[PDB]
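Text of the file entry-v1.pdb, holding PDB, C-alpha atoms:
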```pdb
MODEL        1
ATOM      1  CA  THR A  37      64.615  38.251  -4.775
ATOM      2  CA  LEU A  38      63.188  36.776  -8.104
ATOM      3  CA  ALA A  39      66.010  37.651 -10.624
ATOM      4  CA  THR A  40      63.545  38.006 -13.599
ATOM      5  CA  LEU A  41      62.057  41.145 -11.924
ATOM      6  CA  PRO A  42      61.651  44.186 -12.200
ATOM      7  CA  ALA A  43      60.625  43.891 -15.838
ATOM      8  CA  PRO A  44      58.094  45.290 -18.383
ATOM      9  CA  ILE A  45      54.561  43.783 -18.099
ATOM     10  CA  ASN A  46      54.744  42.578 -21.757
ATOM     11  CA  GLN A  47      58.139  40.832 -21.026
ATOM     12  CA  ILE A  48      56.641  38.784 -18.140
ATOM     13  CA  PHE A  49      53.159  38.252 -19.714
ATOM     14  CA  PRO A  50      53.728  37.401 -23.422
ATOM     15  CA  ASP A  51      49.912  37.183 -24.051
ATOM     16  CA  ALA A  52      48.582  40.631 -25.117
ATOM     17  CA  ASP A  53      45.163  40.243 -23.368
ATOM     18  CA  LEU A  54      46.678  38.955 -20.099
ATOM     19  CA  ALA A  55      49.336  41.782 -20.218
ATOM     20  CA  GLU A  56      46.423  44.287 -20.688
ATOM     21  CA  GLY A  57      44.671  42.833 -17.591
ATOM     22  CA  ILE A  58      47.859  43.195 -15.490
ATOM     23  CA  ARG A  59      48.280  46.825 -16.771
ATOM     24  CA  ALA A  60      44.596  47.580 -15.923
ATOM     25  CA  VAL A  61      44.636  46.043 -12.393
ATOM     26  CA  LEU A  62      47.897  47.914 -11.482
ATOM     27  CA  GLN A  63      46.633  51.125 -13.269
ATOM     28  CA  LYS A  64      49.844  51.399 -15.361
ATOM     29  CA  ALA A  65      49.879  53.630 -18.470
ATOM     30  CA  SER A  66      51.104  50.859 -20.854
ATOM     31  CA  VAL A  67      51.915  47.095 -21.137
ATOM     32  CA  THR A  68      55.546  48.261 -21.788
ATOM     33  CA  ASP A  69      55.665  49.686 -18.194
ATOM     34  CA  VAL A  70      57.975  48.016 -15.652
ATOM     35  CA  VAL A  71      56.421  46.117 -12.739
ATOM     36  CA  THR A  72      58.239  45.120  -9.546
ATOM     37  CA  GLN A  73      57.960  41.858  -7.564
ATOM     38  CA  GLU A  74      56.175  43.906  -4.827
ATOM     39  CA  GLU A  75      53.511  45.151  -7.318
ATOM     40  CA  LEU A  76      52.889  41.628  -8.728
ATOM     41  CA  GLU A  77      52.663  40.223  -5.165
ATOM     42  CA  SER A  78      49.972  42.908  -4.396
ATOM     43  CA  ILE A  79      47.451  41.225  -6.821
ATOM     44  CA  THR A  80      44.991  39.080  -4.785
ATOM     45  CA  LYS A  81      42.221  39.325  -7.457
ATOM     46  CA  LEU A  82      42.556  39.262 -11.276
ATOM     47  CA  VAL A  83      39.670  39.247 -13.787
ATOM     48  CA  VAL A  84      40.439  38.889 -17.542
ATOM     49  CA  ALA A  85      37.123  37.515 -18.825
ATOM     50  CA  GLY A  86      35.724  37.301 -22.389
ATOM     51  CA  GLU A  87      38.961  38.209 -24.248
ATOM     52  CA  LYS A  88      41.376  36.045 -26.347
ATOM     53  CA  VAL A  89      43.957  34.981 -23.665
ATOM     54  CA  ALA A  90      45.881  32.073 -25.337
ATOM     55  CA  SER A  91      48.765  31.775 -22.786
ATOM     56  CA  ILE A  92      48.834  32.439 -19.031
ATOM     57  CA  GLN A  93      52.692  32.422 -18.895
ATOM     58  CA  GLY A  94      53.823  34.957 -16.253
ATOM     59  CA  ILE A  95      50.789  34.432 -13.939
ATOM     60  CA  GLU A  96      53.126  32.292 -11.755
ATOM     61  CA  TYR A  97      54.498  35.690 -10.331
ATOM     62  CA  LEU A  98      51.105  36.535  -8.774
ATOM     63  CA  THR A  99      52.034  34.449  -5.683
ATOM     64  CA  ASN A 100      49.360  36.150  -3.481
ATOM     65  CA  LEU A 101      46.516  35.551  -5.997
ATOM     66  CA  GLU A 102      43.393  34.151  -4.288
ATOM     67  CA  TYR A 103      40.714  34.935  -6.888
ATOM     68  CA  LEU A 104      41.216  34.425 -10.618
ATOM     69  CA  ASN A 105      38.565  34.730 -13.328
ATOM     70  CA  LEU A 106      39.712  33.779 -16.857
ATOM     71  CA  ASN A 107      36.211  32.921 -18.205
ATOM     72  CA  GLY A 108      35.679  32.951 -21.971
ATOM     73  CA  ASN A 109      39.206  33.025 -23.473
ATOM     74  CA  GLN A 110      41.293  30.569 -25.630
ATOM     75  CA  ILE A 111      43.407  29.041 -22.813
ATOM     76  CA  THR A 112      44.688  25.469 -23.427
ATOM     77  CA  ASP A 113      47.721  25.145 -21.080
ATOM     78  CA  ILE A 114      47.165  26.005 -17.386
ATOM     79  CA  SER A 115      50.646  24.744 -16.153
ATOM     80  CA  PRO A 116      51.656  28.362 -14.986
ATOM     81  CA  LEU A 117      48.896  28.031 -12.272
ATOM     82  CA  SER A 118      50.635  24.959 -10.677
ATOM     83  CA  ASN A 119      52.306  26.840  -7.751
ATOM     84  CA  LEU A 120      49.543  29.437  -7.075
ATOM     85  CA  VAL A 121      48.628  27.547  -3.876
ATOM     86  CA  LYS A 122      46.792  30.566  -2.261
ATOM     87  CA  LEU A 123      44.012  30.265  -4.928
ATOM     88  CA  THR A 124      40.552  29.810  -3.340
ATOM     89  CA  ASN A 125      38.388  30.917  -6.351
ATOM     90  CA  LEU A 126      39.275  29.812  -9.893
ATOM     91  CA  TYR A 127      36.907  30.451 -12.860
ATOM     92  CA  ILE A 128      38.348  29.001 -16.073
ATOM     93  CA  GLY A 129      35.197  27.886 -17.887
ATOM     94  CA  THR A 130      34.506  28.531 -21.646
ATOM     95  CA  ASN A 131      38.186  27.922 -22.619
ATOM     96  CA  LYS A 132      39.927  25.042 -24.467
ATOM     97  CA  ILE A 133      41.351  23.293 -21.354
ATOM     98  CA  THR A 134      41.765  19.476 -21.560
ATOM     99  CA  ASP A 135      44.595  18.697 -19.067
ATOM    100  CA  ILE A 136      43.963  19.918 -15.477
ATOM    101  CA  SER A 137      47.170  18.354 -13.924
ATOM    102  CA  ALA A 138      48.232  21.881 -12.812
ATOM    103  CA  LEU A 139      45.330  22.074 -10.297
ATOM    104  CA  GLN A 140      46.593  19.075  -8.229
ATOM    105  CA  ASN A 141      48.473  21.143  -5.539
ATOM    106  CA  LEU A 142      45.792  23.911  -5.292
ATOM    107  CA  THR A 143      44.364  22.328  -2.079
ATOM    108  CA  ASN A 144      42.927  25.678  -0.783
ATOM    109  CA  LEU A 145      40.447  25.820  -3.733
ATOM    110  CA  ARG A 146      36.832  26.378  -2.534
ATOM    111  CA  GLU A 147      35.210  27.387  -5.852
ATOM    112  CA  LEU A 148      36.294  25.916  -9.202
ATOM    113  CA  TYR A 149      34.437  26.334 -12.553
ATOM    114  CA  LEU A 150      35.616  24.281 -15.530
ATOM    115  CA  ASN A 151      32.320  24.505 -17.450
ATOM    116  CA  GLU A 152      32.403  24.252 -21.274
ATOM    117  CA  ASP A 153      36.050  23.053 -21.347
ATOM    118  CA  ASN A 154      37.108  19.648 -22.804
ATOM    119  CA  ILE A 155      38.140  17.733 -19.659
ATOM    120  CA  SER A 156      37.812  13.911 -19.545
ATOM    121  CA  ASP A 157      40.302  13.158 -16.705
ATOM    122  CA  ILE A 158      39.425  14.868 -13.380
ATOM    123  CA  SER A 159      41.880  12.772 -11.239
ATOM    124  CA  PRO A 160      43.928  16.025 -10.478
ATOM    125  CA  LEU A 161      40.846  17.154  -8.413
ATOM    126  CA  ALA A 162      41.223  14.191  -5.947
ATOM    127  CA  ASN A 163      43.002  16.053  -3.113
ATOM    128  CA  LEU A 164      40.965  19.287  -3.402
ATOM    129  CA  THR A 165      39.002  18.264  -0.252
ATOM    130  CA  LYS A 166      38.122  21.892   0.723
ATOM    131  CA  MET A 167      35.912  22.213  -2.461
ATOM    132  CA  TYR A 168      32.580  23.964  -1.681
ATOM    133  CA  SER A 169      31.282  24.687  -5.223
ATOM    134  CA  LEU A 170      32.306  22.814  -8.378
ATOM    135  CA  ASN A 171      31.133  23.302 -11.966
ATOM    136  CA  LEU A 172      32.033  20.565 -14.511
ATOM    137  CA  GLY A 173      29.103  21.445 -16.815
ATOM    138  CA  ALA A 174      29.305  20.738 -20.589
ATOM    139  CA  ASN A 175      32.571  18.709 -20.481
ATOM    140  CA  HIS A 176      31.007  16.439 -23.145
ATOM    141  CA  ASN A 177      33.627  13.648 -22.854
ATOM    142  CA  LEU A 178      33.659  13.380 -19.010
ATOM    143  CA  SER A 179      32.359  10.029 -17.582
ATOM    144  CA  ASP A 180      34.464   9.047 -14.508
ATOM    145  CA  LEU A 181      33.509  11.079 -11.385
ATOM    146  CA  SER A 182      35.500   8.869  -8.910
ATOM    147  CA  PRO A 183      38.098  11.680  -8.097
ATOM    148  CA  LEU A 184      35.215  13.761  -6.545
ATOM    149  CA  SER A 185      34.615  11.136  -3.745
ATOM    150  CA  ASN A 186      36.751  12.924  -1.030
ATOM    151  CA  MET A 187      34.967  16.337  -1.386
ATOM    152  CA  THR A 188      32.827  15.759   1.739
ATOM    153  CA  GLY A 189      32.350  19.544   2.254
ATOM    154  CA  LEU A 190      30.949  20.092  -1.296
ATOM    155  CA  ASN A 191      27.682  22.113  -1.217
ATOM    156  CA  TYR A 192      27.203  22.849  -4.963
ATOM    157  CA  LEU A 193      27.846  20.521  -7.930
ATOM    158  CA  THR A 194      27.089  20.760 -11.691
ATOM    159  CA  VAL A 195      27.927  17.878 -14.091
ATOM    160  CA  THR A 196      25.994  18.231 -17.377
ATOM    161  CA  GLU A 197      25.919  17.239 -21.105
ATOM    162  CA  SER A 198      28.505  14.490 -20.507
ATOM    163  CA  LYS A 199      29.037  10.710 -20.824
ATOM    164  CA  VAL A 200      28.415  10.330 -17.004
ATOM    165  CA  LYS A 201      26.433   7.143 -16.248
ATOM    166  CA  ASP A 202      27.643   6.124 -12.766
ATOM    167  CA  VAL A 203      26.782   8.633 -10.011
ATOM    168  CA  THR A 204      28.187   6.359  -7.160
ATOM    169  CA  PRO A 205      31.072   8.859  -6.326
ATOM    170  CA  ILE A 206      28.417  11.631  -5.734
ATOM    171  CA  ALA A 207      26.856   9.465  -2.922
ATOM    172  CA  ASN A 208      29.845  10.502  -0.694
ATOM    173  CA  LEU A 209      29.048  14.212  -1.023
ATOM    174  CA  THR A 210      26.371  14.299   1.730
ATOM    175  CA  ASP A 211      26.756  18.080   2.381
ATOM    176  CA  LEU A 212      25.325  18.731  -1.141
ATOM    177  CA  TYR A 213      22.626  21.405  -1.022
ATOM    178  CA  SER A 214      22.136  21.900  -4.781
ATOM    179  CA  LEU A 215      23.015  19.317  -7.486
ATOM    180  CA  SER A 216      22.719  19.409 -11.294
ATOM    181  CA  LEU A 217      22.981  16.224 -13.389
ATOM    182  CA  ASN A 218      21.120  17.488 -16.492
ATOM    183  CA  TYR A 219      21.543  15.811 -19.912
ATOM    184  CA  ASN A 220      23.921  12.943 -19.055
ATOM    185  CA  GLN A 221      23.535   9.120 -19.622
ATOM    186  CA  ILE A 222      22.182   8.315 -16.110
ATOM    187  CA  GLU A 223      19.938   5.223 -15.784
ATOM    188  CA  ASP A 224      20.321   4.647 -12.003
ATOM    189  CA  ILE A 225      20.292   7.299  -9.216
ATOM    190  CA  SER A 226      19.968   4.718  -6.318
ATOM    191  CA  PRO A 227      23.384   5.829  -4.709
ATOM    192  CA  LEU A 228      21.932   9.373  -4.330
ATOM    193  CA  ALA A 229      19.767   8.087  -1.375
ATOM    194  CA  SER A 230      22.667   9.334   0.865
ATOM    195  CA  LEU A 231      22.083  13.027  -0.173
ATOM    196  CA  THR A 232      19.874  13.824   2.880
ATOM    197  CA  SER A 233      20.836  17.574   2.841
ATOM    198  CA  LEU A 234      19.834  18.129  -0.819
ATOM    199  CA  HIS A 235      17.301  20.972  -1.268
ATOM    200  CA  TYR A 236      17.684  21.511  -5.077
ATOM    201  CA  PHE A 237      17.990  18.684  -7.570
ATOM    202  CA  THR A 238      17.867  18.853 -11.377
ATOM    203  CA  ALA A 239      18.486  15.814 -13.634
ATOM    204  CA  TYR A 240      16.329  16.370 -16.713
ATOM    205  CA  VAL A 241      17.138  14.505 -20.001
ATOM    206  CA  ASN A 242      18.573  11.232 -18.654
ATOM    207  CA  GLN A 243      17.341   7.583 -18.705
ATOM    208  CA  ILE A 244      16.095   7.472 -15.055
ATOM    209  CA  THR A 245      13.327   4.875 -14.426
ATOM    210  CA  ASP A 246      13.205   4.949 -10.589
ATOM    211  CA  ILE A 247      13.137   7.923  -8.166
ATOM    212  CA  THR A 248      13.062   5.813  -4.902
ATOM    213  CA  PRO A 249      16.343   7.550  -3.596
ATOM    214  CA  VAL A 250      14.570  10.979  -3.752
ATOM    215  CA  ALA A 251      12.378   9.863  -0.736
ATOM    216  CA  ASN A 252      15.611  10.260   1.390
ATOM    217  CA  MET A 253      15.992  13.938   0.309
ATOM    218  CA  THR A 254      13.365  14.945   2.952
ATOM    219  CA  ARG A 255      14.141  18.701   2.768
ATOM    220  CA  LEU A 256      13.880  18.833  -1.098
ATOM    221  CA  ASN A 257      12.424  22.184  -2.214
ATOM    222  CA  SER A 258      12.811  21.978  -6.025
ATOM    223  CA  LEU A 259      12.969  18.937  -8.325
ATOM    224  CA  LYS A 260      13.419  19.174 -12.124
ATOM    225  CA  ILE A 261      13.600  15.721 -13.719
ATOM    226  CA  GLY A 262      11.666  15.972 -17.029
ATOM    227  CA  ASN A 263      12.536  13.748 -20.050
ATOM    228  CA  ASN A 264      13.260  10.544 -18.155
ATOM    229  CA  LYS A 265      11.461   7.159 -17.897
ATOM    230  CA  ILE A 266       9.716   7.713 -14.521
ATOM    231  CA  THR A 267       6.378   5.952 -13.887
ATOM    232  CA  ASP A 268       6.054   5.938 -10.053
ATOM    233  CA  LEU A 269       5.779   9.191  -8.050
ATOM    234  CA  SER A 270       5.155   7.491  -4.613
ATOM    235  CA  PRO A 271       8.797   8.393  -3.427
ATOM    236  CA  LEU A 272       7.731  12.126  -3.505
ATOM    237  CA  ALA A 273       4.706  11.563  -1.165
ATOM    238  CA  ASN A 274       6.404  12.762   2.080
ATOM    239  CA  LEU A 275       8.558  15.590   0.656
ATOM    240  CA  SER A 276       6.656  18.245   2.719
ATOM    241  CA  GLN A 277       8.911  21.104   1.552
ATOM    242  CA  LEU A 278       8.523  20.493  -2.233
ATOM    243  CA  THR A 279       7.535  23.874  -3.874
ATOM    244  CA  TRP A 280       8.674  23.420  -7.515
ATOM    245  CA  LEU A 281       8.177  20.129  -9.320
ATOM    246  CA  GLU A 282       8.987  19.549 -13.039
ATOM    247  CA  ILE A 283       8.527  15.984 -14.212
ATOM    248  CA  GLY A 284       7.103  16.455 -17.721
ATOM    249  CA  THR A 285       7.900  14.066 -20.627
ATOM    250  CA  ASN A 286       7.911  10.893 -18.446
ATOM    251  CA  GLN A 287       5.660   7.755 -18.233
ATOM    252  CA  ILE A 288       3.469   8.850 -15.264
ATOM    253  CA  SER A 289      -0.219   7.802 -15.241
ATOM    254  CA  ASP A 290      -0.921   8.412 -11.525
ATOM    255  CA  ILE A 291      -0.260  11.603  -9.497
ATOM    256  CA  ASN A 292      -1.981  10.555  -6.155
ATOM    257  CA  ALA A 293       1.480  10.963  -4.489
ATOM    258  CA  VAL A 294       1.281  14.829  -4.725
ATOM    259  CA  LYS A 295      -1.819  14.903  -2.366
ATOM    260  CA  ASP A 296       0.040  16.193   0.734
ATOM    261  CA  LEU A 297       2.583  18.425  -1.064
ATOM    262  CA  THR A 298       0.727  21.547   0.157
ATOM    263  CA  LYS A 299       3.705  23.919  -0.449
ATOM    264  CA  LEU A 300       3.736  23.177  -4.244
ATOM    265  CA  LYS A 301       3.561  26.426  -6.272
ATOM    266  CA  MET A 302       4.771  24.903  -9.585
ATOM    267  CA  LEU A 303       3.628  21.588 -10.983
ATOM    268  CA  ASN A 304       4.754  20.511 -14.456
ATOM    269  CA  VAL A 305       3.446  17.061 -15.466
ATOM    270  CA  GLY A 306       2.963  17.856 -19.200
ATOM    271  CA  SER A 307       3.520  14.981 -21.709
ATOM    272  CA  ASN A 308       2.546  12.076 -19.431
ATOM    273  CA  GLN A 309      -0.412   9.608 -19.333
ATOM    274  CA  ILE A 310      -2.502  11.210 -16.517
ATOM    275  CA  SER A 311      -6.316  10.734 -16.661
ATOM    276  CA  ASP A 312      -7.234  11.727 -13.049
ATOM    277  CA  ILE A 313      -6.300  14.910 -11.143
ATOM    278  CA  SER A 314      -8.832  14.845  -8.214
ATOM    279  CA  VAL A 315      -5.855  15.097  -5.735
ATOM    280  CA  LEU A 316      -5.203  18.697  -7.019
ATOM    281  CA  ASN A 317      -8.168  20.036  -4.925
ATOM    282  CA  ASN A 318      -5.728  19.880  -1.910
ATOM    283  CA  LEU A 319      -3.036  21.957  -3.736
ATOM    284  CA  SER A 320      -4.857  25.352  -3.602
ATOM    285  CA  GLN A 321      -1.474  27.229  -3.279
ATOM    286  CA  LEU A 322      -0.460  26.301  -6.940
ATOM    287  CA  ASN A 323       0.423  29.265  -9.284
ATOM    288  CA  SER A 324       1.610  27.312 -12.361
ATOM    289  CA  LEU A 325       0.177  24.038 -13.598
ATOM    290  CA  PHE A 326       1.238  22.227 -16.775
ATOM    291  CA  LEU A 327      -1.156  19.393 -17.727
ATOM    292  CA  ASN A 328      -0.876  19.597 -21.580
ATOM    293  CA  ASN A 329      -0.455  16.299 -23.555
ATOM    294  CA  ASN A 330      -2.164  14.048 -20.997
ATOM    295  CA  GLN A 331      -5.452  12.097 -21.087
ATOM    296  CA  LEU A 332      -7.805  14.580 -19.320
ATOM    297  CA  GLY A 333     -11.444  15.250 -20.228
ATOM    298  CA  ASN A 334     -14.392  17.526 -19.408
ATOM    299  CA  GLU A 335     -15.039  15.808 -16.013
ATOM    300  CA  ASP A 336     -11.541  16.880 -14.833
ATOM    301  CA  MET A 337     -12.096  20.606 -15.290
ATOM    302  CA  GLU A 338     -14.149  21.285 -12.115
ATOM    303  CA  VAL A 339     -11.113  20.538  -9.856
ATOM    304  CA  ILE A 340      -8.838  22.930 -11.903
ATOM    305  CA  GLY A 341     -11.498  25.676 -11.608
ATOM    306  CA  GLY A 342     -11.027  25.580  -7.806
ATOM    307  CA  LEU A 343      -7.277  26.411  -8.059
ATOM    308  CA  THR A 344      -7.921  30.204  -7.959
ATOM    309  CA  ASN A 345      -4.232  31.196  -7.365
ATOM    310  CA  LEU A 346      -3.236  29.832 -10.830
ATOM    311  CA  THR A 347      -1.615  32.432 -13.096
ATOM    312  CA  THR A 348      -0.335  29.840 -15.652
ATOM    313  CA  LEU A 349      -2.368  26.858 -16.899
ATOM    314  CA  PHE A 350      -1.413  24.542 -19.766
ATOM    315  CA  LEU A 351      -4.060  22.048 -20.939
ATOM    316  CA  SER A 352      -3.639  21.734 -24.740
ATOM    317  CA  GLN A 353      -3.875  18.310 -26.480
ATOM    318  CA  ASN A 354      -5.938  16.376 -23.894
ATOM    319  CA  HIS A 355      -9.626  15.464 -24.770
ATOM    320  CA  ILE A 356     -11.297  18.669 -23.425
ATOM    321  CA  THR A 357     -14.205  20.267 -25.326
ATOM    322  CA  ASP A 358     -15.776  22.283 -22.447
ATOM    323  CA  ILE A 359     -13.631  24.692 -20.450
ATOM    324  CA  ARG A 360     -16.624  26.487 -18.740
ATOM    325  CA  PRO A 361     -15.571  25.236 -15.169
ATOM    326  CA  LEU A 362     -12.246  27.191 -15.731
ATOM    327  CA  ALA A 363     -14.116  30.564 -15.944
ATOM    328  CA  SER A 364     -13.317  31.056 -12.190
ATOM    329  CA  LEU A 365      -9.543  31.213 -12.887
ATOM    330  CA  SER A 366      -9.306  35.035 -12.492
ATOM    331  CA  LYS A 367      -5.497  35.341 -12.091
ATOM    332  CA  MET A 368      -4.775  33.758 -15.621
ATOM    333  CA  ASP A 369      -1.693  35.348 -17.462
ATOM    334  CA  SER A 370      -0.615  32.390 -19.633
ATOM    335  CA  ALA A 371      -2.820  29.555 -21.002
ATOM    336  CA  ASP A 372      -1.717  27.381 -24.020
ATOM    337  CA  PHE A 373      -5.340  27.144 -25.387
ATOM    338  CA  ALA A 374      -6.812  29.806 -27.762
ATOM    339  CA  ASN A 375     -10.262  30.262 -26.193
ATOM    340  CA  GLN A 376     -11.391  31.753 -22.815
TER     341      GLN A 376
ENDMDL
END
```

The structure given in the file should be rewritten as structure tokens.
Amino acid sequence: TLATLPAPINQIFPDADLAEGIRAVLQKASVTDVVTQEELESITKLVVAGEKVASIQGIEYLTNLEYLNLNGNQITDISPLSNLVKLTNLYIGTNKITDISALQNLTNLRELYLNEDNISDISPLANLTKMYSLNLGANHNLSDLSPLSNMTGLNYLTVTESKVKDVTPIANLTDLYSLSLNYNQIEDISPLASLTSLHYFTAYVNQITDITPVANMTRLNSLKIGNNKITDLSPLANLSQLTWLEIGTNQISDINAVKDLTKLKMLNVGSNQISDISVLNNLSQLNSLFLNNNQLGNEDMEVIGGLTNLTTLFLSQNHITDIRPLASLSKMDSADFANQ
């Protein structure tokens, strides 16, 4: 029916790397070989990753395409994707994409990665309400997340290394299971109190002073929020399922709140102002403990000596001169202090 076909692969796909990918998926001998409409409509999955694709002109003929991976190329213009409405999985990270207007009608998209592109306007994502997993990582000039607000089925989200301050649109995404907000400009996470299904949360290297909303994330399993301005850990006190906790490089002086977190296997509180760790006697299941660059002394060593399942223990640059109570730590593999 489509007058432009049948035609040689390199007539339809002017980009050499994309033409090579079409040749390879259809197992043709050469990019000069003729392809029919029927053969192009047989492609449901295309992977042309880590090449030098500079134009995706011709991809508009792959009308039955559902899965497309064009990771690591030199793509700038994605307009030929505009009518590929059967797309469910689209991986176009590590390219030179700025304008994502062409994604606006791709309402069947479930997984979309745009990591390490140069996108600042994500308004074309507004009607992609079937989104399950989204990656906007390392879009350094992104700041406005308001077009994400209608993605109520979103389970996975990454927004990193950007100008994002306001996380209010993310409050609507209550099906979120895993969320990354690493290295942004976030001061206030109070709207995130609505993320009651969150099990994995990472937001290291921000300007966060208050973790009160984290008390709502009752099923939280892992929390990584180092390099912030946190002082109060009391919102973590009832997170019974917490197993991995990284909150180093903050302004914490009291860790009493970890007393009942009996599932904790990893505790990183390095580079804080902690002088008492008597609550650790209850956390006998710990395997890795980072207490370096705190205000501990010789009297605090007896409690660490009781944590016999420790395989990693960091204690450098405190005020310790006698480590003899640590002689009982028989599973030790890594310890940032020279003696033993």

Quick check on the file I pasted: which residues fall under the PyMOL selection byres ((chain A and resi 157-168) around 9)? Write them as an MDAnalysis selection string.
chainID A and resid 124 134:148 155:156 169:170 178:193 212

Under the PyMOL selection byres ((chain A and resi 362) around 7), which residues of this model are included? Write them out as a list in words.
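Here the PyMOL selection byres ((chain A and resi 362) around 7) matches residues 337, 340, 341, 359, 360, 361, 363, 364 and 365 of chain A.
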
Could you tell me, as a list in words, which residues have any atom at most 9 Å from (-3.2, 31.9, -7.9), counting all atoms listed in the file?
residues 301, 320, 321, 322, 323, 324, 343, 344, 345, 346, 347, 348, 365, 366, 367 and 368 of chain A

When you look at region 241-244 of chain A with a cut-off of 10 Å (counting only C-alpha atoms), what residues show up, excluding the ones that are within fewer than 6 positions of it in the same chain? I need them as a ChimeraX atom specification.
/A:196-197,201,217-226,260-267,285-286

Can you tell me, as a PyMOL selection string, what residues are no more than 6 Å from residue 93 (chain A) when counting all atoms listed in the file, ignoring any on the same chain fewer than 2 positions away?
chain A and resi 49+91+95+116

Do you know which residues lie at most 8 Å from (59.9, 48.0, -18.5), with coordinates as in the file and only C-alpha atoms counted, and could you write them as a ChimeraX atom specification?
/A:42-45,47,68-71

Using the chain letters and residue numbers of this document, give as number ranges by chain the residues selected by the PyMOL selection byres ((chain A and resi 309) around 6).
A: 288-289, 308, 310, 330-331

So that I can check the surroundings of residue 311 (chain A), please list as number ranges by chain every protein, DNA and RNA residue that reaches within 12 Å of it, counting all atoms listed in the file and ignoring chain neighbours fewer than 2 positions away.
A: 288-292, 305-309, 313-315, 327-337, 354-356

Keeping only C-alpha atoms, write those residues as a JSON list (two decimals), keeping the file's coordinate frame.
```json
[["chain", "number", "residue", "atom", "x", "y", "z"],
["A", 288, "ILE", "CA", 3.47, 8.85, -15.26],
["A", 289, "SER", "CA", -0.22, 7.80, -15.24],
["A", 290, "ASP", "CA", -0.92, 8.41, -11.52],
["A", 291, "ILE", "CA", -0.26, 11.60, -9.50],
["A", 292, "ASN", "CA", -1.98, 10.56, -6.16],
["A", 305, "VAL", "CA", 3.45, 17.06, -15.47],
["A", 306, "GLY", "CA", 2.96, 17.86, -19.20],
["A", 307, "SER", "CA", 3.52, 14.98, -21.71],
["A", 308, "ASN", "CA", 2.55, 12.08, -19.43],
["A", 309, "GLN", "CA", -0.41, 9.61, -19.33],
["A", 313, "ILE", "CA", -6.30, 14.91, -11.14],
["A", 314, "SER", "CA", -8.83, 14.84, -8.21],
["A", 315, "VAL", "CA", -5.86, 15.10, -5.74],
["A", 327, "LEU", "CA", -1.16, 19.39, -17.73],
["A", 328, "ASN", "CA", -0.88, 19.60, -21.58],
["A", 329, "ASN", "CA", -0.46, 16.30, -23.56],
["A", 330, "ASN", "CA", -2.16, 14.05, -21.00],
["A", 331, "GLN", "CA", -5.45, 12.10, -21.09],
["A", 332, "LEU", "CA", -7.80, 14.58, -19.32],
["A", 333, "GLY", "CA", -11.44, 15.25, -20.23],
["A", 334, "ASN", "CA", -14.39, 17.53, -19.41],
["A", 335, "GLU", "CA", -15.04, 15.81, -16.01],
["A", 336, "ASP", "CA", -11.54, 16.88, -14.83],
["A", 337, "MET", "CA", -12.10, 20.61, -15.29],
["A", 354, "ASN", "CA", -5.94, 16.38, -23.89],
["A", 355, "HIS", "CA", -9.63, 15.46, -24.77],
["A", 356, "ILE", "CA", -11.30, 18.67, -23.42]]
```

Atom pair CA of residue 133 (chain A) / CA of residue 46 (chain A): separation (Å):
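Spanning CA of residue 133 (chain A) to CA of residue 46 (chain A) is a straight-line distance of 23.5 Å.
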
Which distance in Å separates CA of residue 281 (chain A) and CA of residue 208 (chain A), to one decimal?
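Taking CA of residue 281 (chain A) and CA of residue 208 (chain A), their separation equals 25.2 Å.
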
Mind pulling up the distance from CA of residue 110 (chain A) to CA of residue 82 (chain A)?
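CA of residue 82 (chain A) sits 16.8 Å away from CA of residue 110 (chain A).
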
Could you give me, as a PyMOL selection string, the residues within 10 Å of residue 251 (chain A), counting all atoms listed in the file and dropping anything in the same chain fewer than 5 positions from it?
chain A and resi 229+232+256+269-275

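Using all atoms listed in the file, the nearest neighbour of residue 55 (chain A) within the list A:228, A:67, A:106, A:302 is A:67.
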
Minimum-distance residue to residue 171 (chain A), chosen among A:149, A:280, A:103, A:236 (using all atoms listed in the file)
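Among the listed residues, the smallest separation from residue 171 (chain A) belongs to A:149.
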
Write out as lines of an AutoDock Vina configuration file an axis-aligned box for region 142-150 of chain A: all of its atoms listed in the file, 5 Å added on each side, centre and edge lengths in Å with one decimal.
```
center_x = 40.1
center_y = 24.9
center_z = -8.2
size_x = 21.4
size_y = 15.1
size_z = 24.7
```

Could you give me, as a ChimeraX atom specification, the residues within 6 Å of residue 213 (chain A), counting only C-alpha atoms and dropping anything in the same chain fewer than 3 positions from it?
/A:191,233-235

With only C-alpha atoms as the basis for distance, which of A:127, A:53, A:48, A:353 is at the shortest distance from residue 98 (chain A)?
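Result for the nearest residue to residue 98 (chain A): A:48.
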